[PDB]
Structure formats: structure tokens, C-alpha cells
$ cat my_file_23.txt   # compact mmCIF, C-alpha atoms
# COMPACT_ATOMS: atom_id res chain seq x y z
CA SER A 33 -94.20 -19.47 -32.31
CA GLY A 34 -94.89 -20.92 -35.74
CA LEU A 35 -97.96 -18.68 -35.90
CA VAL A 36 -95.53 -15.70 -36.16
CA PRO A 37 -97.29 -13.29 -33.79
CA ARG A 38 -96.90 -9.58 -34.33
CA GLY A 39 -93.45 -8.47 -33.17
CA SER A 40 -91.89 -11.84 -33.99
CA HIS A 41 -89.43 -10.12 -36.31
CA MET A 42 -87.95 -8.30 -33.29
CA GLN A 43 -87.31 -11.60 -31.47
CA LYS A 44 -84.01 -13.45 -31.74
CA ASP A 45 -85.87 -16.72 -31.12
CA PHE A 46 -88.04 -16.22 -34.20
CA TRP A 47 -85.02 -15.76 -36.43
CA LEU A 48 -83.30 -18.79 -34.89
CA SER A 49 -86.37 -20.84 -35.80
CA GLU A 50 -86.48 -19.34 -39.29
CA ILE A 51 -82.81 -20.05 -39.95
CA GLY A 52 -83.36 -23.52 -38.53
CA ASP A 53 -80.90 -26.07 -39.91
CA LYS A 54 -79.68 -23.86 -42.77
CA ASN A 55 -75.97 -23.50 -43.47
CA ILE A 56 -75.70 -19.75 -42.87
CA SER A 57 -71.89 -19.79 -42.48
CA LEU A 58 -71.40 -17.57 -45.54
CA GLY A 59 -74.56 -15.53 -44.90
CA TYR A 60 -78.33 -15.94 -44.72
CA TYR A 61 -79.98 -15.05 -48.02
CA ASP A 62 -83.49 -14.45 -49.32
CA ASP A 63 -82.24 -15.12 -52.88
CA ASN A 64 -80.24 -17.84 -54.50
CA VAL A 65 -76.78 -16.32 -54.63
CA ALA A 66 -73.22 -17.21 -55.37
CA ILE A 67 -70.41 -16.23 -53.01
CA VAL A 68 -66.90 -15.75 -54.35
CA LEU A 69 -64.78 -16.49 -51.30
CA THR A 70 -61.11 -15.46 -51.52
CA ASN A 71 -58.53 -15.86 -48.77
CA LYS A 72 -55.56 -13.60 -49.34
CA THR A 73 -53.23 -15.66 -47.15
CA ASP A 74 -54.13 -19.12 -48.49
CA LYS A 75 -54.31 -17.86 -52.11
CA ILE A 76 -57.50 -19.83 -52.65
CA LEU A 77 -60.60 -18.58 -54.42
CA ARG A 78 -63.79 -20.59 -54.26
CA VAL A 79 -67.32 -19.99 -55.49
CA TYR A 80 -70.16 -21.34 -53.37
CA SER A 81 -73.78 -21.51 -54.46
CA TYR A 82 -76.33 -20.80 -51.75
CA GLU A 83 -79.85 -22.16 -52.21
CA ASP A 84 -82.21 -21.78 -49.25
CA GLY A 85 -79.40 -22.62 -46.85
CA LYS A 86 -77.75 -25.40 -48.84
CA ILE A 87 -74.16 -24.62 -49.81
CA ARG A 88 -72.44 -26.24 -52.79
CA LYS A 89 -68.85 -25.57 -53.83
CA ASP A 90 -68.93 -24.84 -57.57
CA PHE A 91 -65.40 -23.56 -58.19
CA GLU A 92 -62.01 -23.72 -56.52
CA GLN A 93 -58.59 -22.60 -57.60
CA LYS A 94 -55.53 -22.60 -55.41
CA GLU A 95 -52.36 -20.57 -55.98
CA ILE A 96 -54.36 -17.55 -57.13
CA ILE A 97 -52.60 -14.20 -57.32
CA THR A 98 -54.13 -11.50 -55.20
CA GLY A 99 -52.80 -8.05 -54.55
CA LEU A 100 -50.89 -6.99 -51.47
CA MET A 101 -51.71 -7.92 -47.89
CA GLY A 102 -53.43 -5.48 -45.54
CA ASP A 103 -56.79 -3.88 -46.15
CA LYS A 104 -56.95 -1.44 -49.02
CA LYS A 105 -57.01 2.21 -48.01
CA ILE A 106 -56.08 4.26 -51.10
CA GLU A 107 -55.71 4.21 -54.85
CA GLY A 108 -52.31 2.80 -55.69
CA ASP A 109 -51.52 0.91 -52.51
CA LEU A 110 -51.91 -2.28 -54.58
CA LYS A 111 -53.81 -4.02 -51.79
CA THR A 112 -56.71 -6.32 -52.37
CA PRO A 113 -59.64 -5.15 -50.23
CA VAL A 114 -60.89 -7.23 -47.33
CA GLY A 115 -64.60 -7.28 -46.77
CA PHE A 116 -67.89 -7.98 -48.53
CA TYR A 117 -68.57 -6.76 -52.05
CA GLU A 118 -70.53 -7.71 -55.13
CA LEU A 119 -69.40 -8.96 -58.53
CA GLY A 120 -70.53 -7.35 -61.78
CA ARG A 121 -71.03 -9.09 -65.09
CA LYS A 122 -68.33 -10.48 -67.37
CA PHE A 123 -66.95 -7.74 -69.56
CA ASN A 124 -64.17 -7.09 -72.03
CA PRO A 125 -61.67 -4.56 -70.66
CA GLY A 126 -60.07 -4.36 -74.12
CA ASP A 127 -56.57 -5.00 -72.77
CA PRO A 128 -54.97 -8.45 -73.15
CA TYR A 129 -53.04 -7.87 -69.91
CA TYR A 130 -56.19 -9.00 -68.08
CA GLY A 131 -56.59 -12.29 -69.87
CA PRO A 132 -59.76 -13.13 -71.80
CA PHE A 133 -62.27 -11.06 -69.82
CA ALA A 134 -62.82 -9.62 -66.35
CA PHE A 135 -65.39 -9.12 -63.59
CA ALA A 136 -65.59 -5.94 -61.52
CA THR A 137 -66.04 -6.01 -57.78
CA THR A 138 -67.84 -3.08 -56.15
CA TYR A 139 -64.87 -1.67 -54.27
CA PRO A 140 -65.11 0.92 -52.80
CA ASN A 141 -68.37 0.06 -51.08
CA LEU A 142 -70.28 2.56 -48.96
CA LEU A 143 -68.39 1.69 -45.77
CA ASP A 144 -65.08 2.16 -47.61
CA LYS A 145 -66.32 5.49 -48.98
CA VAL A 146 -67.50 6.98 -45.68
CA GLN A 147 -64.22 5.91 -44.17
CA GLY A 148 -62.54 8.08 -46.81
CA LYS A 149 -60.99 5.23 -48.77
CA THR A 150 -60.07 5.77 -52.40
CA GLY A 151 -59.20 3.68 -55.42
CA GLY A 152 -61.18 1.37 -57.60
CA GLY A 153 -60.79 -1.12 -60.37
CA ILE A 154 -60.69 -4.19 -58.13
CA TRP A 155 -61.51 -6.89 -60.65
CA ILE A 156 -61.26 -10.63 -60.95
CA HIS A 157 -59.53 -11.42 -64.19
CA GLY A 158 -56.96 -13.66 -65.84
CA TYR A 159 -53.31 -13.58 -66.88
CA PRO A 160 -51.68 -11.55 -69.68
CA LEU A 161 -52.29 -13.21 -73.01
CA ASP A 162 -48.65 -12.59 -73.98
CA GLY A 163 -47.80 -15.14 -71.25
CA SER A 164 -45.89 -12.63 -69.13
CA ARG A 165 -45.52 -13.09 -65.38
CA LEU A 166 -47.95 -11.93 -62.70
CA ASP A 167 -47.30 -11.46 -59.01
CA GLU A 168 -48.94 -9.76 -56.07
CA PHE A 169 -47.43 -6.41 -57.07
CA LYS A 170 -48.67 -6.51 -60.68
CA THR A 171 -52.40 -7.08 -60.20
CA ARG A 172 -52.95 -3.63 -58.62
CA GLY A 173 -55.15 -5.33 -56.04
CA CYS A 174 -57.09 -7.43 -58.52
CA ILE A 175 -57.44 -11.20 -58.18
CA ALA A 176 -56.00 -13.26 -61.04
CA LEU A 177 -57.25 -16.73 -61.93
CA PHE A 178 -55.60 -19.02 -64.48
CA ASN A 179 -56.99 -18.31 -67.95
CA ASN A 180 -57.88 -21.99 -68.41
CA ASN A 181 -60.09 -21.72 -65.30
CA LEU A 182 -61.91 -18.54 -66.27
CA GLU A 183 -64.49 -20.11 -68.55
CA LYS A 184 -65.61 -22.34 -65.71
CA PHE A 185 -65.59 -19.35 -63.33
CA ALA A 186 -67.64 -17.34 -65.83
CA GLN A 187 -70.09 -20.24 -66.19
CA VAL A 188 -70.58 -20.61 -62.44
CA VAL A 189 -71.29 -16.89 -61.87
CA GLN A 190 -73.29 -16.24 -65.03
CA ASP A 191 -76.73 -14.66 -64.61
CA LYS A 192 -76.54 -14.91 -60.82
CA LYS A 193 -76.62 -12.55 -57.89
CA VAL A 194 -72.93 -12.82 -56.97
CA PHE A 195 -71.25 -11.52 -53.82
CA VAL A 196 -67.56 -11.22 -53.11
CA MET A 197 -66.20 -12.19 -49.71
CA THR A 198 -62.47 -11.56 -49.29
CA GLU A 199 -60.64 -12.66 -46.14
CA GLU A 200 -57.19 -11.47 -45.17
CA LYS A 201 -56.03 -14.47 -43.13
CA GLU A 202 -58.61 -15.56 -40.58
CA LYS A 203 -61.48 -17.76 -41.68
CA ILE A 204 -64.59 -15.60 -41.15
CA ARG A 205 -67.99 -17.24 -40.89
CA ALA A 206 -71.41 -16.07 -39.84
CA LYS A 207 -72.96 -17.59 -36.73
CA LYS A 208 -76.65 -18.41 -36.33
CA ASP A 209 -76.93 -16.51 -33.02
CA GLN A 210 -75.33 -13.42 -34.52
CA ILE A 211 -77.55 -13.37 -37.60
CA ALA A 212 -80.65 -13.89 -35.47
CA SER A 213 -79.81 -11.11 -33.04
CA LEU A 214 -78.86 -8.77 -35.89
CA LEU A 215 -82.20 -9.38 -37.58
CA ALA A 216 -84.00 -8.84 -34.29
CA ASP A 217 -82.10 -5.58 -33.95
CA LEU A 218 -82.85 -4.66 -37.58
CA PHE A 219 -86.59 -4.78 -36.93
CA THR A 220 -86.26 -3.14 -33.54
CA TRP A 221 -84.49 -0.33 -35.37
CA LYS A 222 -87.31 -0.30 -37.93
CA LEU A 223 -89.85 0.06 -35.12
CA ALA A 224 -87.97 3.00 -33.61
CA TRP A 225 -87.79 4.58 -37.03
CA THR A 226 -91.49 3.90 -37.63
CA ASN A 227 -92.43 5.36 -34.24
CA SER A 228 -89.98 8.27 -34.50
CA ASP A 229 -88.41 7.03 -31.27
CA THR A 230 -85.24 9.02 -31.80
CA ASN A 231 -83.28 7.84 -28.76
CA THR A 232 -83.81 4.14 -29.52
CA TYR A 233 -83.17 4.70 -33.23
CA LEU A 234 -79.91 6.53 -32.62
CA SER A 235 -78.80 3.83 -30.14
CA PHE A 236 -78.38 1.46 -33.11
CA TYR A 237 -75.67 3.69 -34.59
CA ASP A 238 -72.02 3.60 -33.57
CA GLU A 239 -71.72 7.01 -31.96
CA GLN A 240 -67.94 6.83 -32.34
CA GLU A 241 -67.60 5.55 -35.92
CA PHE A 242 -70.88 5.89 -37.85
CA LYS A 243 -70.54 8.16 -40.87
CA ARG A 244 -72.68 9.12 -43.84
CA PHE A 245 -69.81 10.96 -45.56
CA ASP A 246 -66.11 11.49 -44.92
CA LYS A 247 -65.43 13.11 -41.51
CA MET A 248 -69.12 13.53 -40.60
CA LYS A 249 -69.67 14.21 -36.89
CA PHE A 250 -72.27 12.22 -35.01
CA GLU A 251 -74.07 15.26 -33.54
CA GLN A 252 -74.67 16.61 -37.05
CA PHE A 253 -76.59 13.36 -37.55
CA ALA A 254 -78.31 13.09 -34.17
CA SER A 255 -79.43 16.72 -34.25
CA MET A 256 -80.84 16.30 -37.73
CA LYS A 257 -82.69 13.11 -36.82
CA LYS A 258 -84.09 14.61 -33.61
CA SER A 259 -85.46 17.50 -35.66
CA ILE A 260 -86.86 15.25 -38.39
CA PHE A 261 -88.33 12.73 -35.94
CA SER A 262 -90.06 15.44 -33.87
CA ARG A 263 -92.80 15.57 -36.53
CA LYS A 264 -94.12 12.16 -35.36
CA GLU A 265 -95.83 11.51 -38.68
CA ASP A 266 -97.41 8.13 -39.28
CA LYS A 267 -94.93 5.87 -41.08
CA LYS A 268 -95.23 2.44 -42.62
CA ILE A 269 -91.90 0.77 -43.39
CA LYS A 270 -91.33 -2.63 -44.96
CA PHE A 271 -88.03 -4.48 -45.23
CA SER A 272 -87.71 -7.35 -47.65
CA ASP A 273 -85.19 -9.38 -49.64
CA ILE A 274 -82.88 -9.54 -46.66
CA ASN A 275 -79.34 -10.77 -47.41
CA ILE A 276 -77.11 -10.68 -44.33
CA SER A 277 -73.46 -11.51 -44.78
CA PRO A 278 -70.36 -11.85 -42.60
CA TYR A 279 -67.96 -9.01 -43.29
CA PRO A 280 -64.26 -9.84 -42.92
CA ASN A 281 -62.26 -6.99 -41.48
CA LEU A 282 -58.95 -6.15 -39.83
CA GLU A 283 -60.47 -3.94 -37.10
CA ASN A 284 -60.95 -6.83 -34.63
CA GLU A 285 -64.70 -6.31 -34.98
CA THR A 286 -67.49 -8.73 -35.68
CA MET A 287 -69.00 -7.12 -38.76
CA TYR A 288 -71.90 -7.91 -41.04
CA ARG A 289 -73.46 -6.43 -44.16
CA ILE A 290 -77.26 -6.30 -44.08
CA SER A 291 -78.68 -5.60 -47.52
CA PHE A 292 -82.43 -5.41 -47.91
CA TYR A 293 -85.13 -3.72 -49.86
CA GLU A 294 -86.70 -0.75 -48.09
CA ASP A 295 -90.27 0.38 -48.72
CA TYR A 296 -91.25 3.57 -46.88
CA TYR A 297 -94.65 5.26 -46.81
CA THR A 298 -95.85 8.50 -45.33
CA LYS A 299 -98.74 10.58 -46.60
CA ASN A 300 -96.50 13.23 -48.23
CA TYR A 301 -93.29 11.28 -48.90
CA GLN A 302 -92.75 7.73 -50.17
CA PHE A 303 -89.58 6.01 -51.28
CA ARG A 304 -88.41 2.50 -51.99
CA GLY A 305 -85.10 1.06 -53.02
CA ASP A 306 -82.06 -1.02 -52.17
CA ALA A 307 -80.82 -0.36 -48.66
CA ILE A 308 -77.67 -1.48 -46.87
CA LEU A 309 -76.40 -1.39 -43.31
CA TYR A 310 -72.76 -2.08 -42.63
CA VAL A 311 -72.71 -2.99 -38.95
CA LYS A 312 -70.64 -4.33 -36.13
CA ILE A 313 -71.93 -6.40 -33.27
CA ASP A 314 -70.83 -4.49 -30.20
CA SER A 315 -69.41 -5.99 -27.02
CA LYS A 316 -72.95 -6.41 -25.61
CA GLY A 317 -74.20 -8.27 -28.71
CA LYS A 318 -76.03 -5.25 -30.15
CA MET A 319 -76.12 -4.02 -33.71
CA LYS A 320 -74.18 -0.81 -34.21
CA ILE A 321 -74.49 0.76 -37.65
CA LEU A 322 -71.30 2.03 -39.25
CA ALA A 323 -72.66 3.04 -42.64
CA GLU A 324 -76.17 3.21 -43.99
CA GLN A 325 -77.61 3.32 -47.49

$ encode --input "my_file_23.txt" --output "C-alpha cells"
Amino acid sequence: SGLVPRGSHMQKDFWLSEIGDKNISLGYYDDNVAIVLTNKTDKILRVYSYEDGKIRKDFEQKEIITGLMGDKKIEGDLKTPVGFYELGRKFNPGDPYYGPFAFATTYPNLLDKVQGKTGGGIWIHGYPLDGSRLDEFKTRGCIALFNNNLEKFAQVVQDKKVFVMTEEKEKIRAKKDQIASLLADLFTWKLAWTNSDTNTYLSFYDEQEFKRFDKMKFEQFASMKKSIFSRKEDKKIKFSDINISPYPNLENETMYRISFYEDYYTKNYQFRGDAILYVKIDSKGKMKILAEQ
């Protein structure tokens, strides 16, 4: 219903209507964003601008140099990470090996961290100013663009909210039905949290794989939440600025990142800040949280 009755946000049909005819193939965003899409097999990096569901290709370079194939696990495996990240601002690393400037991705992200991954320093940068050769072993997992393309890259990403989407081989795209059901699940989860409905709340977490820190056990989490939720205090929780993105992976899972602003009120405790769920869609089409900020 276009009147948006109470509970609409928990309804897949509402989100399908809201997405409408938007191109959500690289995500469904509440902000204008840019998406740096790299495919490690094709050696193509593109930047797409997303404005209210209109996609425009603003940058493309073929024959890029990425790091090694396979998803990054540790510092020094030289792999370029697969997944969904963000891009920081142009900076000067102070080393001409990286070309004229560089841009830092956010590897390791929370999901990486709770999975016990290590490493860092996954940047997009250029080629050594001495003209020496690069190859997939020399970038240490970074992505190298031609130095004569970097000014245009810098211009396209400047002053924007910029995400990093790195595929291994398969072309990964979001689907309208998946985004809509994930958003329905997101607000169903919010309702369980609001109502301190512990069993429903916990059912949105992957009992097998969800972790808040390396090697956490799920009962440590469930037991803590059962205790906390037994207080049944009145809660008011608001989600906003929702940016939901397909999450390439090599686990044969359908994964998404759901980033949103969280605004939480109780009488004695309030917080607000940037939140993130890293989730899979399980075999039944249900959201299963793998990592939560």
C-alpha cells in the first residue's frame, strides 16, 4: 500500500514497491554513492555512480594489475580481497613505488576480522614512478591503475561516499527480491530486538558461523542476549540511511552487506551510530547474520 501502513517495513512487498524500477544490481542506496567494481579474473576496474537507482559508468580501465587470486586470509598472502569494502580519500603514501597517490580500502572489514583474517594495506594506487614493472605478485594485494588514468579516477571518486566491490571471477549482482526480503528481515529483526523477543531475534543469526570476535561460540552470545533481553525494557529503535550491497564471496553463499544508521532509545541507555550487518541469505531465503556492528 502506498499509504505505508504500520509494519510495512517488515513486508517484502513494500520494499519491492519502494525499489520499483531502480537499477539495484550493485546495491540499493539511500545516498548517492560511487561503486568501484573490480573483477580479479577479467582485470577490469570500473567506477559506477549510483543516484536514486540510476547507474552511470564513470570510469573503466582494463588490464589492471590486482594481487593474487583466492580470497585474502592473512597478511603476506599477496591476495586481493574479495567482498565489499569502502574507499578512503586520496592520500600521499610518500613512496614513489605507488605512483602519484593512493586510496585505502577498508580491508579487513568486520566480517574479515571476526573470521580471524589478518593483513591490511589494500590500496588502489598507480605504478612505480621509476617506470619499473608491476605484476600480480608485486602489488601485495593492492590494485594498480595506470598512472595516466589516476587523475580521472581521483576526479570520479572525489568527495563521494565510495564503496569497493571486488569479485573473484563470477559476476555478482544484487537481485530485487533478495534486497526486498533482506530489508523485510532487517525490520523483523528490529521488531524482535525492540520487543526483547529473544528467540526470534537470535533466529536471524547464523548459529553455525556468526561471530563477534575470533572463535566466539554462539551460546556465549545467546546466553548473554537471553539474560539482557529478560529485562523487557521499553525500547525505541530507528534504522536509517540504509545501504544494502551484494557481497562477493568464495563460500558459495549469497551474501549482502547491510549498512545503516542505528538510533536506540531506552530510559537509562541511549546510543546511535553507524551499524553494519554482514549477512547471508540462507537456503530458505532468510537473513542470517554473520557479523554485526

$ closest_residue --input "my_file_23.txt" --among "A:62, A:85, A:186, A:201" --to "residue 293 (chain A)" --atoms "all atoms listed in the file"
A:62

$ residues_around --input "my_file_23.txt" --residues "residue 113 (chain A)" --least-positions-apart "2" --cutoff "8 Å" --atoms "only C-alpha atoms" --output "PDB file with C-alpha atoms, in the coordinates of the input"
ATOM      1  CA  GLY A 102     -53.430  -5.480 -45.540  1.00  0.00           C
ATOM      2  CA  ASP A 103     -56.790  -3.880 -46.150  1.00  0.00           C
ATOM      3  CA  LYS A 104     -56.950  -1.440 -49.020  1.00  0.00           C
ATOM      4  CA  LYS A 111     -53.810  -4.020 -51.790  1.00  0.00           C
ATOM      5  CA  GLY A 115     -64.600  -7.280 -46.770  1.00  0.00           C
ATOM      6  CA  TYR A 139     -64.870  -1.670 -54.270  1.00  0.00           C
ATOM      7  CA  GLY A 173     -55.150  -5.330 -56.040  1.00  0.00           C
ATOM      8  CA  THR A 198     -62.470 -11.560 -49.290  1.00  0.00           C
TER       9      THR A 198
END

$ residues_near_point --input "my_file_23.txt" --point "(-74.7, -4.6, -31.6)" --cutoff "9 Å" --atoms "all atoms listed in the file" --output "list in words"
residues 213, 214, 217, 236, 237, 238, 311, 312, 313, 314, 315, 316, 317, 318, 319, 320 and 321 of chain A

$ write_last_selection --input "my_file_23.txt" --atoms "C-alpha atoms" --output "PDB file, in the coordinates of the input"
ATOM      1  CA  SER A 213     -79.810 -11.110 -33.040  1.00  0.00           C
ATOM      2  CA  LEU A 214     -78.860  -8.770 -35.890  1.00  0.00           C
ATOM      3  CA  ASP A 217     -82.100  -5.580 -33.950  1.00  0.00           C
ATOM      4  CA  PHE A 236     -78.380   1.460 -33.110  1.00  0.00           C
ATOM      5  CA  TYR A 237     -75.670   3.690 -34.590  1.00  0.00           C
ATOM      6  CA  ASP A 238     -72.020   3.600 -33.570  1.00  0.00           C
ATOM      7  CA  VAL A 311     -72.710  -2.990 -38.950  1.00  0.00           C
ATOM      8  CA  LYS A 312     -70.640  -4.330 -36.130  1.00  0.00           C
ATOM      9  CA  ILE A 313     -71.930  -6.400 -33.270  1.00  0.00           C
ATOM     10  CA  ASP A 314     -70.830  -4.490 -30.200  1.00  0.00           C
ATOM     11  CA  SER A 315     -69.410  -5.990 -27.020  1.00  0.00           C
ATOM     12  CA  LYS A 316     -72.950  -6.410 -25.610  1.00  0.00           C
ATOM     13  CA  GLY A 317     -74.200  -8.270 -28.710  1.00  0.00           C
ATOM     14  CA  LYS A 318     -76.030  -5.250 -30.150  1.00  0.00           C
ATOM     15  CA  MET A 319     -76.120  -4.020 -33.710  1.00  0.00           C
ATOM     16  CA  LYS A 320     -74.180  -0.810 -34.210  1.00  0.00           C
ATOM     17  CA  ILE A 321     -74.490   0.760 -37.650  1.00  0.00           C
TER      18      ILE A 321
END

$ closest_residue --input "my_file_23.txt" --among "A:35, A:196, A:218, A:309" --to "residue 112 (chain A)" --atoms "all atoms listed in the file"
A:196

$ residues_around --input "my_file_23.txt" --residues "residue 181 (chain A)" --least-positions-apart "5" --cutoff "10 Å" --atoms "all atoms listed in the file" --output "mmCIF file with C-alpha atoms, in the coordinates of the input"
data_model
loop_
_atom_site.group_PDB
_atom_site.id
_atom_site.type_symbol
_atom_site.label_atom_id
_atom_site.label_comp_id
_atom_site.auth_asym_id
_atom_site.auth_seq_id
_atom_site.Cartn_x
_atom_site.Cartn_y
_atom_site.Cartn_z
ATOM 1 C CA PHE A 91 -65.400 -23.560 -58.190
ATOM 2 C CA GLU A 92 -62.010 -23.720 -56.520
ATOM 3 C CA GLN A 93 -58.590 -22.600 -57.600
ATOM 4 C CA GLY A 158 -56.960 -13.660 -65.840
ATOM 5 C CA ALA A 186 -67.640 -17.340 -65.830
#

$ closest_residue --input "my_file_23.txt" --among "A:189, A:48, A:223, A:206" --to "residue 64 (chain A)" --atoms "all atoms listed in the file"
A:189

$ atom_distance --input "my_file_23.txt" --atom1 "CA of residue 182 (chain A)" --atom2 "CA of residue 154 (chain A)"
16.5 Å

$ residues_around --input "my_file_23.txt" --residues "region 36-42 of chain A" --least-positions-apart "6" --cutoff "7 Å" --atoms "all atoms listed in the file" --output "PyMOL selection string"
chain A and resi 216-217+219-220

$ closest_residue --input "my_file_23.txt" --among "A:200, A:129, A:117, A:49" --to "residue 100 (chain A)" --atoms "only C-alpha atoms"
A:200

$ residues_around --input "my_file_23.txt" --residues "residue 106 (chain A)" --least-positions-apart "2" --cutoff "9 Å" --atoms "only C-alpha atoms" --output "PyMOL selection string"
chain A and resi 104+108-111+148-152

$ closest_residue --input "my_file_23.txt" --among "A:177, A:239, A:285, A:96" --to "residue 251 (chain A)" --atoms "only C-alpha atoms"
A:239

$ closest_residue --input "my_file_23.txt" --among "A:258, A:78, A:264, A:172" --to "residue 107 (chain A)" --atoms "all atoms listed in the file"
A:172

$ atom_distance --input "my_file_23.txt" --atom1 "CA of residue 179 (chain A)" --atom2 "CA of residue 76 (chain A)"
15.4 Å

$ residues_near_point --input "my_file_23.txt" --point "(-68.3, 0.5, -40.9)" --cutoff "6 Å" --atoms "all atoms listed in the file" --output "list in words"
residues 143, 310, 311, 322 and 323 of chain A

$ atom_distance --input "my_file_23.txt" --atom1 "CA of residue 267 (chain A)" --atom2 "CA of residue 298 (chain A)"
5.1 Å

$ residues_around --input "my_file_23.txt" --residues "residue 263 (chain A)" --least-positions-apart "2" --cutoff "12 Å" --atoms "only C-alpha atoms" --output "list in words"
residues 226, 227, 228, 229, 230, 257, 258, 259, 260, 261, 265, 266, 267 and 298 of chain A
